[PDB]
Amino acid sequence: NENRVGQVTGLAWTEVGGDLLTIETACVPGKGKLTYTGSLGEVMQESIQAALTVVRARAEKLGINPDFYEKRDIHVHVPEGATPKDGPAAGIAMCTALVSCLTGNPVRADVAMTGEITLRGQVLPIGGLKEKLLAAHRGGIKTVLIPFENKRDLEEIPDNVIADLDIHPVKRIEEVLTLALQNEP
């Protein structure tokens, strides 16, 4: 269960604003079906497809059998089930959760992350960084990964929050995985 379920703390848009989200993924023996649930809007659904494609494209580099998708079913779920969520900001979290699940490489505690993923692996800036970082801070998150191009937004963040968080701006998904996973992918 835990073994077959990747778990990542993302920061992304919910109906009442940017918030901490626990992104869960299961990767059970199957035949290649992708399921995704959690009152997800279409942009967020599309971010999951992109995140899965990034992993399929890089399977060999990640030490994953390149034909895993014919022998796995994947379910991405984002509780709370009734709360509407949307937008692309959970993309790097989805990718991280999937890699974790497919490799058995656990996700670090005390880490949250926000950022739009692309098929090429680049991490794109997101909006509402202040709201997101405050949520991480309130939630007792120690380390936050943000898109490199959101560095400019750190200025508007209250000083005390900046001091409490360990903030890593990342350009690419390789950096995200190195920082977020317990072992070296």
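In case it trips you up, residue 1 is the first one in the sequence shown, and so on.
- As recorded in the PDB entry, 69-77 is the stretch of 69-77 and 95-103 with the greater mean C-alpha temperature factor.
- In this entry, 143-151 shows the higher mean Cα temperature factor of the pair 143-151 and 40-48.
- In this entry, the residue among 121, 29, 128, 125 with the greatest C-alpha B factor is 29.
- Taking the PDB entry at face value, the top CA B factor among 133, 34, 54, 62 belongs to 62.
- In the deposited entry, the Cα temperature factor of residue 176 places it in the middle third of its chain's modelled residues.
- When the CA B factors of the chain's modelled residues are split into thirds, the value for residue 170 lands in the middle one.
- For residue 161, the recorded CA B-factor ranks within the highest third of the chain. Only modelled residues enter the ranking.
- For residue 16, the recorded CA temperature factor ranks within the highest third of the chain's modelled residues.
- Placement of the Cα temperature factor of residue 109 within the chain: highest third of the modelled residues, per the deposited record.
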